[PDB]
Amino acid sequence: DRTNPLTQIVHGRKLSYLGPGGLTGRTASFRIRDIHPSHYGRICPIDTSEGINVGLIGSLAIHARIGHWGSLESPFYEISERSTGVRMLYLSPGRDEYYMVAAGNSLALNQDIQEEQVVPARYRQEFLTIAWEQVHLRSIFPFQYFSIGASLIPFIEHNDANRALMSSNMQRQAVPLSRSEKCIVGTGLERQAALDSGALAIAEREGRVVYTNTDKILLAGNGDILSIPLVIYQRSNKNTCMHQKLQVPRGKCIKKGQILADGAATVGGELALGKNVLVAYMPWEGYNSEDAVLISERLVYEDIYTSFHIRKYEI
Amino acid sequence: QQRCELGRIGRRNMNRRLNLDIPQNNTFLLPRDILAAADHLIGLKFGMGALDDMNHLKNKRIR
Amino acid sequence: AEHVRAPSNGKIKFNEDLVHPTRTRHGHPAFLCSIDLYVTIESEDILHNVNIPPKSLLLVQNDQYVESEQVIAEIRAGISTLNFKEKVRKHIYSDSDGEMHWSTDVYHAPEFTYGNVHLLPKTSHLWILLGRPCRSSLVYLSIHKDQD
Amino acid sequence: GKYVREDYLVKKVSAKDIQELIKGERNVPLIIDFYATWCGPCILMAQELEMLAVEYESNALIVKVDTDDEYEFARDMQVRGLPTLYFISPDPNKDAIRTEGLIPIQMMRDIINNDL
Amino acid sequence: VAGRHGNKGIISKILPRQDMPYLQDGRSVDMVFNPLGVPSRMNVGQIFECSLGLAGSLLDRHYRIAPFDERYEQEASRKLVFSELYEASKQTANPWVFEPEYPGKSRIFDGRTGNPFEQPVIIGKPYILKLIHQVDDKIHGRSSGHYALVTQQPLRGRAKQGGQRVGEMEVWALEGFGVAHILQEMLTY
Amino acid sequence: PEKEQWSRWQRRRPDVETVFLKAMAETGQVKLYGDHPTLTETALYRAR
Amino acid sequence: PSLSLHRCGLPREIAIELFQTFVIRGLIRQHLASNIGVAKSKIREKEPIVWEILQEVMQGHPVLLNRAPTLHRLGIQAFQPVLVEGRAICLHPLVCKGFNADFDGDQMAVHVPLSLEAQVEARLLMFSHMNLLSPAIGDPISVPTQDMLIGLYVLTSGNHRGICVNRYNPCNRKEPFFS
Amino acid sequence: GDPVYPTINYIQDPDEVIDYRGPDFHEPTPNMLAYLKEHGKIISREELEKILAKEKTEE
Amino acid sequence: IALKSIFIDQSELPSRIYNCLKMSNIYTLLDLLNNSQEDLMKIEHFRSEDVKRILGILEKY
Amino acid sequence: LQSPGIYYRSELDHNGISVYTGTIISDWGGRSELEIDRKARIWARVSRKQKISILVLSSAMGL
Amino acid sequence: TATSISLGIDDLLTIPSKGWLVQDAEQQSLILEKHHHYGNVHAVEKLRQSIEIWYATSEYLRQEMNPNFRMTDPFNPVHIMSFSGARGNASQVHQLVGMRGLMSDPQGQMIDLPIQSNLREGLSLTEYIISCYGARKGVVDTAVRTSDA
Amino acid sequence: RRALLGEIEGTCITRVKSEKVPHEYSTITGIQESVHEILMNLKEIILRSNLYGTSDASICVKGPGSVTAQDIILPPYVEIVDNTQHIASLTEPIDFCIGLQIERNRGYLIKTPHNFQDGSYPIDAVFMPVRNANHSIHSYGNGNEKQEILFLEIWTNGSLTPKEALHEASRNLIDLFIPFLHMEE
Amino acid sequence: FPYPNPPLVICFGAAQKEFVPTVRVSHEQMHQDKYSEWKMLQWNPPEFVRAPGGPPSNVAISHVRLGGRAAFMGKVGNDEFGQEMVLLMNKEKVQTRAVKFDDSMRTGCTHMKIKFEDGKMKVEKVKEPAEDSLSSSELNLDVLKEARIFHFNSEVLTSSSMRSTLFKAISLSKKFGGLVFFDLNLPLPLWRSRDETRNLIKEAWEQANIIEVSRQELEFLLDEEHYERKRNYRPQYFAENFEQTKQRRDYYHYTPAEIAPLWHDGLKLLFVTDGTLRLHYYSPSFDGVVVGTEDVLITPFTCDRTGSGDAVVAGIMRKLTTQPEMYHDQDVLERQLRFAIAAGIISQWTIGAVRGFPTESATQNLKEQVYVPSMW
DNA sequence: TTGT
DNA sequence: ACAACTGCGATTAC
RNA sequence: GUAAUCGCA
Ligand SMILES: [Mg+2]
Ligand SMILES: [Zn+2]
């Protein structure tokens with residue numbers, strides 16, 4: 001799915017129960033489709049497929065990895081005192097059960113030693129409150145329990161969990177516009193999202209940009225010249241235009257990994273699937289009944305939400 | 001052959017639940033494994049056991 | 001199960017001879033009430049009287065000071081047979097390694113012919129003497145012995 | 001390294017390597033950087049040194065020395081703190097310039113162009 | 001159109017800028033949304049976003065915030081939003097951006113009449129996306145063009161220029177209303 | 001408890017009502033019982 | 001929001017395809033088109049008289065709207081199509097409850113009764129003004145729901161009566177009189 | 001009052017090009033073909049041509 | 001306009017008038033320049049001769 | 001996909017004690033079940049018939 | 001349109017006694033945990049006490065929500081939307097201005113960790129993960145309900 | 001406010017004719033911007049004119065450099081305001097020749113004739129000179145006679161000064177309100 | 001006539017952007033080239049670099065940000081770097097009337113000569129302006145008169161042209177009634193041997209009223225191997241206290257007898273910081289320890305401790321200039337040191353010492369949030 | 001699968 | 001052996 | 001014309 005750069009990355013993270021040798025939609029029991037405490041940090045608890053296959057198609061956590069034994073593994077910090085005194089271990093699902101994993105902070109003092117403070121923790125697939133002396137592990141990573149779709153929602157704590165799935169599904173539908181603008185408020189994951197989307201020109205060699213053109217970019221390094229071909233008004237699988245624009249000017253040095261050009265729905269190296277417009281929350285003469293929006297003509301005559309769509313016909 | 005065609009993963013899991021010292025390499029349904037299975041089964045009747053959750057990730061593999 | 005709350009901050013005054021001592025389901029001590037009683041919340045300017053005759057739990061004591069909107073008593077009048085009553089079981093998991101100990105009120109014979117299950121005739125405590133359990137082979141037992 | 005280019009262009013040399021480089025003859029300016037994995041400021045200094053090495057492909061030599069591996073050598077070089085840069089000139093009569101703390105990349109460029 | 005917080009809507013009217021409500025600055029709002037969705041679908045982060053966005057636009061800043069900022073303290077998001085709005089109000093002297101009486105809310109006027117509204121409204125600049133589903137793709141209409149070889153019913157699909165289907169749940173409604181001739185015409189000719 | 005425990009609710013939540021009550025307590029517009037507005041006074045101000 | 005219970009907004013690009021035969025007959029009757037082919041070519045050319053004839057055609061014709069989740073009997077109703085300049089079918093707000101419709105992406109179908117008996121049935125039985133009570137318990141199904149209810153509540157809420165309207169007791173001491 | 005967590009962490013320049021060589025980004029993604037060639041997993045056409053020519057000359 | 005970057009600390013001033021300008025929320029030359037002689041005189045502990053001293057030091061530049 | 005191994009589920013009968021069963025899962029997908037009735041009754045559910053003798057299976061294995 | 005009702009952050013008014021109630025509840029919970037470590041009470045008593053006290057606190061908060069709005073801020077936009085009948089319910093507004101209470105984990109077993117924060121203050125990571133259980137149950141319930149209906 | 005926004009008219013470029021481009025979604029050698037980017041840049045060219053009708057302009061630049069609004073040759077009636085707006089950038093010695101049609105209208109114009117004479121591309125134009133407007137009414141404190149003070153803030157785009165915009169809005173309002181004082185038809 | 005109400009202080013030393021003087025040998029090492037894995041060491045930092053301190057300018061910046069007035073005394077060249085640092089200090093409302101400009105030298109660069117002979121033995125041909133301040137004509141006397149606290153680090157002791165200037169400034173400050181704050185912040189050469197560092201810093205130690213030293217520095221000056229063997233002691237058969245049974249991290253409180261060799265008559269307060277986790281205070285009358293905490297893990301990605309110690313010193317100086325009963329009363333001393341602890345805790349969450357410096361409101365908020373109402 |  | 005929401009739209013594969 | 005897969009409300 002190449003409707004937008006986000007779809008290309010979120011498509012490859014799907015884990016499916018239904019398939020050859022797996023539970024069919026009808027076959028799947030209710031139990032199969034609910035979160036199990038084991039899914040913490042390894043699977044997304046708010047990304048599913050809406051329909052008859054609800055709870056059967058899910059995404060994969062941001063920090064997860066697949067293990068030697070075929071098991072998804074998650075990164076847990078070890079607060080236990082040792083020689084190194086710090087570790088990041090990808091504990092497997094069965095191993096983390098026999099550990100006191102506390103996700104809370106330590107900013108509490110009650111005239112006693114700090115290790116005597118209490119904190120919610122997880123043990124044997126349960127929740128309980130224990131002292132800081134007895135907690136073996138700690139989950140520090142903020143994006144550990146979510147996926148790319150949910151993590152792009154700012155202030156997700158103040159939103160209901162039910163609407164999170166709707167927002168994740170609707171972020172997938174965005175159309176790349178003729179012009180792109182970054183978001184004033186963001187979660188900070190748009191950078192790596194645009195980096196790993198694949199619609200960005202990243203240099204594979206250090207050097208200087210000797211020649212700049214719309215069709216190609218010439219990068220001269222270590223006595224060798226490399227040519228990078230750009231994309232000019234191509235067509236995706238979902239009838240959405242793909243285009244790239246140069247970001248670096250002529251005569252600047254670029255390392256192996258930096259951004260040479262900006263693809264569609266990406267500006268300054270960050271994912272940009274929309275625009276920033278002034279909004280007021282009030283009823284206006286019924287035009288807002290149910291859900292409906294009243295918009296001004298400025299969005300029309302200034303090309304704020306203009307988009308290009310390309311459809312192919314072949315005989 | 002298909003019932004005894006336990007994978008390497010299968011061997012490991014069998015060893016975990018039923019304490020066995022069978023080497024990882026011998027990925028076959030040995031009769032000791034069956035014997036042990038029977039032992040645990042009878043032990044479950046007297047309370048010395050724990051049933052297994054089939055929705056646990058540790059009980060699932062990713063292809 | 002309505003919960004009676006203190007109308008204002010003040011002392012509680014009632015006659016403890018009418019109420020019978022009991023133990024609440026939360027492990028707390030309380031006074032069982034079976035007859036219409038009058039309790040007085042003695043505040044700076046006013047006195048309040050609130051209580052309900054039927055079987056209720058009094059979670060306070062005479063002369064005790066209580067703050068406003070605290071749970072003084074639990075009416076617990078709602079009581080009936082539950083057709084959906086389920087004998088749910090919960091397990092207690094040890095939080096430290098060691099050995100088991102019981103002094104009294106525990107049967108010395110297993111409930112079944114085979115197994116470690118033991119039954120308790122009366123209430124008692126189970127003591128886990130802290131320690132580190134190791135695995136000892138036949139070879140190690142020859143050199144590793146008691147009090148080494 | 002023919003098919004895939006190396007990500008980092010600054011090499012970690014030892015103390016004997018630095019002694020041999022200073023003792024020998026050089027045709028390009030030399031830049032010595034003392035770092036430690038632990039110091040926070042050094043994380044930035046390394047990025048600026050990478051940018052400088054990219055800007056100066058073969059007109060200057062940039063090397064880095066880990067203070068944890070060579071502590072006595074760093075102490076003998078009169079190195080007070082970690083974000084320290086040693087600028088060695090090519091001609092061996094001129095005096096070396098030692099800079100301490102985070103300095104702008106333009107300052108490094110001007111030093112290499114004029115002082116060295 | 002949609003927002004990142006689960007807010008979705010369909011455009012219903014394109015009013016000119018002169019009819020749009022304007023702030024005390026003098027600028028007409030680009031979109032107007034229904035304020036009754038917040039208690040219904042329980043989306044409170046949208047308010048925060050709008051406000052922070054107004055603040056940023058004025059101060060020329062972009063905010064990349066990791067989720068669950070309330071691990072530091074209580075009402076961390078509220079403190080951040082109100083602090084940034086105050087600063088914007090002080091630096092660009094637009095007193096309206098932060099109202100001490102009702103933080104985050106301002107009093108706007110009507111573009112048509114020019115009279116102020118009674119209660120203050122939320123003014124912000126959220127991130128709105130345009131979704132793939134579009135009206136042009138969904139428009140369809142058939143008169144009498146093509147039929148299936150065996151069934152001889154009209155064809156299916158918008159690209160194939162086919163009509164709409166009258167299912168069993170609609171025949172039931174037609175029979176409950178009592179329109180026998182309409183059902184007969186639809187089922188035969 | 002003999003020693004005072006720690007809680008996230010130990011502090012008083014800031015509000016517009018408390019700030020306005022502090023602002024109008026000066027200049028003699030209103031009078032409050034003490035130097036810091038209490039929750040009952042904040043509710044009364046929210047009302048009036 | 002400015003339509004009546006009997007009127008519904010209908011786009012022109014849909015109406016021209018639905019009522020195409022009627023506008024062909026109109027072009028043939030008036031001295032605007034000689035044959036069916038010339039009339040079809042003129043309709044394809046989007047001539048201005050074609051829209052006038054289309055408006056004159058459907059002034060008394062009923063349109064049958066319906067929804068995909070037709071659970072109750074109010075899923076299919078009848079309205080008077082009004083020509084609009086757009087691609088979105090306008091609907092009266094008070095009639096939304098019946099269709100369980102929200103403007104979040106929902107779509108609807110349109111049906112044109114050809115026979116005179118079908119037209120009479122649609123105009124008499126299936127109209128909205130004749131169906132204002134749900135067939136479950138006979139309760140009003142078309143009532144102010146979200147914004148009109150808020151407006152009515154603001155209108156009839158009242159006024160600050162006690163301590164809110166006055167700071168001191170009026171004992172120590174409404175005004176306007178309208179005929 | 002002022003937030004405990006510094007706001008300067010959230011603040012970001014609007015017209016800023018994100019440097020993917022920072023401390024918060026992972027290592028650059030290696031091209032699959034070049035990565036397989038450098039480790040010897042996939043040989044070049046020249047090596048296969050030379051091997052086939054040697055096998056033909058031997059026969 | 002480089003007057004913004006020219007703080008009063010760089011210009012050599014007596015300690016008394018320096019503290020007076022610091023208390024009067026004057027940190028840059030531009031600010032002083034915006035301020036008028038009468039206004040400057042208003043600041044506490046600021047003598048008329050001081051207005052002369054700051055004017056002379058400014059005219060020196 | 002579910003990992004191969006031994007699973008030990010239980011199921012309560014309509015009248016009497018709860019039935020305990022152990023299933024062994026293979027890579028191909030074999031199901032060598034084992035069940036226990038109110039008595040010892042260590043019966044495999046491999047055969048479609050009422051039951052099967054675990055002792056007979058062990059003797060065939062080589063015991 | 002003339003009045004232009006709107007909802008803001010400061011417009012979500014909590015009852016003026018949430019802090020005291022939550023503080024005494026967590027104090028009693030800590031005392032009971034300490035005495036459970038001593039051996040005065042067993043596990044089932046602690047479970048019952050925690051569940052009952054947090055459910056009672058949530059119910060009292062929801063009960064006192066409406067009188068607070070009626071007496072203190074009668075013209076509150078959230079209160080207007082709830083009382084008029086346009087959109088919202090007492091349970092839904094309790095999630096916004098009160099507390100989410102004790103969510104139930106799958107298989108009908110209580111989580112035992114209370115959600116002491118509403119959507120205005122902001123839930124924690126654990127509380128959000130717990131509410132994910134309710135969201136999944138809701139969506140699967142919606143699907144099965146549509147099919148069965 | 002309603003007069004300044006929507007009742008004031010201006011002049012903008014409405015049609016652009018390119019020499020040897022296949023379509024408006026392609027790139028021409030020697031220019032950093034595509035045809036669409038050049039059209040978008042020409043769309044934001046502010047002009048000043050006081051007469052109605054269509055006029056013709058052209059752009060004839062050559063050699064490597066940057067073509068701006070100064071290269072545009074205009075009829076004597078039309079003039080340029082900014083004179084330094086960026087039309088396009090040439091990175092090679094090329095001859096850049098383009099034709100422009102200048103029209104004066106009001107409001108916004110939809111580019112309806114997409115299918116038209118080949119080689120000419122129509123660009124939608126917004127003829128609104130006033131960007132934003134605002135007003136505030138402060139009291140005068142005159143006791144019984146409740147007099148007030150009016151303030152007006154006008155933001156134009158250079159085509160006309162704010163005072164000229166105010167006078168034109170006043171004259172347009174008077175022209176709109178005059179017909180009611182004529183004899184009945 | 002009277003000085004401004006906030007008491008002014010003086011920070012004396014070298015102005016450096018992000019200098020880290022405290023360098024030792026770390027046992028744990030990360031990847032040499034990948035600087036994206038070096039944040040794992042900020043998380044569990046080496047003992048000596050748990051709460052590092054930097055240039056004196058950072059102390060003045062933090063002091064001004066935490067509320068108060070401060071001035072920097074030093075010399076910087078007329079180059080772009082010196083003017084950049086001066087502008088940075090002025091934008092944050094730090095006084096520079098005691099900062100001198102010399103066109104003859106350039107700030108930050110020290111000319112040296114390799115002179116390889118059996119070893120790489122360098123020598124200083126010229127010195128930087130940051131390390132070259134003349135005692136005679138480069139000391140402003142008015143700032144010394146107004147100053148109540150005089151702050152400087154041992155970095156000035158390394159040079160041979162700034163020791164006399166520091167001694168003259170100390171004498172002039174004591175002449176008008178000011179106090180001397182001495183933060184060791186030992187540089188790399190000062191960690192060779194305890195005897196040489198003790199003999200070199202004895203002169204500045206004698207004339208210092210307030211001295212703040214790290215735990216590692218205090219142990220290094222007091223037979224570090226003894227305390228290293230002490231912390232590793234484990235009871236063989238049975239413990240004698242509850243702390244030994246639970247095996248928590250060691251937080252040793254040094255008895256005044258152990259600190260007696262380092263105690264002089266003119267010493268009022270001695271602070272032994274344990275890296276924003278414990279804080280020890282010593283006075284002629286009373287001795288104690290203030291409990292603290294560290295939560296760098298809460299924000300894993302930034303995690304920079306570069307400016308913690310400077311913020312702690314700034315908060316200590318602020319509370320000493322504001323609260324005059326800290327010397328006499330112990331509980332007030334602890335309640336005020338909690339402020340500096342909270343300041344350090346806030347300062348560890350942001351990369352950049354000058355960038356992530358706490359304000360007074362944020363520090364008070366964190367102090368109230370972390371500590372119970374009785375303690376604050 | 002789930003139950004009929 | 002039998003059945004388990006209603007329809008719509010898009011793609012690729014035969 | 002049938003499948004597979006996703007989406008829609
Ligand atoms: Mg809908
Ligand atoms: Zn938040």
Side-chain angles (χ1 to χ4, degrees), chain A residues 50 105 142 146 150-151 153-164 166 169-170 173 185-188 289-293, chain E residues 1-2 4-10 12 34 37 40-52 63-84 104 131 133 138, chain F residues 8 13, chain G residues 67-69 75 88-89 91 93 96-99 101-108 145-146, chain H residues 3-5 7 9-10, chain K residues 9-10 12 96 100 115-128 131 142 146, chain M residues 298:
Chain A
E50 301 178 357
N105 63 89
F146 288 156
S151 297
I153 299 176
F155 303 98
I156 196 179
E157 344 92 20
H158 308 273
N159 298 332
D160 192 10
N162 297 266
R163 216 63 179 181
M166 305 298 179
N169 297 330
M170 292 188 308
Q173 302 152 7
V185 181
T187 58
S289 191
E290 266 64 44
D291 296 340
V293 195
Chain E
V1 279
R4 290 176 299 179
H5 293 270
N7 36 318
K8 174 183 44 178
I10 286 211
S12 288
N34 186 256
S40 68
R41 54 191 164 86
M42 296 164 55
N43 292 134
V44 199
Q46 45 177 342
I47 315 296
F48 285 101
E49 167 173 334
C50 290
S51 306
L52 202 52
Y63 302 97
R64 300 299 180 267
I65 309 173
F68 304 100
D69 49 350
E70 287 79 22
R71 58 184 185 271
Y72 306 135
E73 50 186 336
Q74 289 189 342
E75 302 276 3
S77 309
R78 175 181 182 267
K79 293 178 59 180
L80 169 60
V81 166
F82 286 172
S83 303
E84 291 306 297
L131 309 183
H133 312 289
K138 304 185 170 313
Chain F
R8 306 200 64 179
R13 179 184 179 274
Chain G
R67 296 82 208 158
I89 304 179
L91 253 204
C96 300
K97 190 183 290 294
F99 311 140
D102 42 353
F103 314 100
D104 63 342
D106 285 22
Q107 311 180 39
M108 284 182 197
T145 159
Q146 297 181 5
Chain H
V4 184
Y5 190 80
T7 308
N9 304 25
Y10 300 149
Chain K
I9 303 175
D10 64 323
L12 301 172
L96 296 177
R100 303 187 63 92
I115 304 178
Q116 312 175 10
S117 303
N118 48 25
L119 295 184
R120 187 195 73 260
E121 298 175 354
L123 273 70
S124 300
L125 183 55
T126 308
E127 304 177 354
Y128 202 86
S131 60
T142 302
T146 51
Chain M
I298 205 174

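Here is the naming used below: chain letters follow the sequence lines, and residue numbers restart at 1 for every chain. Atoms within each ligand, like the ligands themselves, are counted from 1 in listed order. Quick note: numbers below take in every heavy atom, side chains included, and nothing from hydrogens, waters or symmetry partners.
A salt bridge is absent between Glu73(E) and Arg8(F); no separation between the charged side-chain nitrogens and carboxylate oxygens falls under 4.0 Å.
Using a 3.5 Å distance cut-off with no hydrogens or angles, the side chains of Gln146(G) and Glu290(A) do pair a donor with an acceptor. If you check the side chains of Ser124(K) and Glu70(E), you find no donor sitting under 3.5 Å from an acceptor.
When distances from the Zn ion (ligand 2) to the N, O or S atoms of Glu157(A) are compared, OE1 comes out shortest. Atom OD1 is the N, O or S atom of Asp106(G) at the shortest distance from the Mg ion (ligand 1). Within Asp69(E), the N/O/S atom positioned nearest the Zn ion (ligand 2) carries the name OD1. The Zn ion (ligand 2) sits nearest to atom OE2 when only the N, O or S atoms of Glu70(E) are considered.
At distances below 3.5 Å, at least one donor-acceptor pair connects side-chain atoms of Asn159(A) with backbone N or O atoms of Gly45(E).
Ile156(A) approaches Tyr128(K) most closely through the heavy-atom pair O-CE1, 3.2 Å.
Centred on the Mg ion (ligand 1), the angle running from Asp104(G) (OD1) to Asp102(G) (OD1) is recorded as 90°, rounding to 10°.
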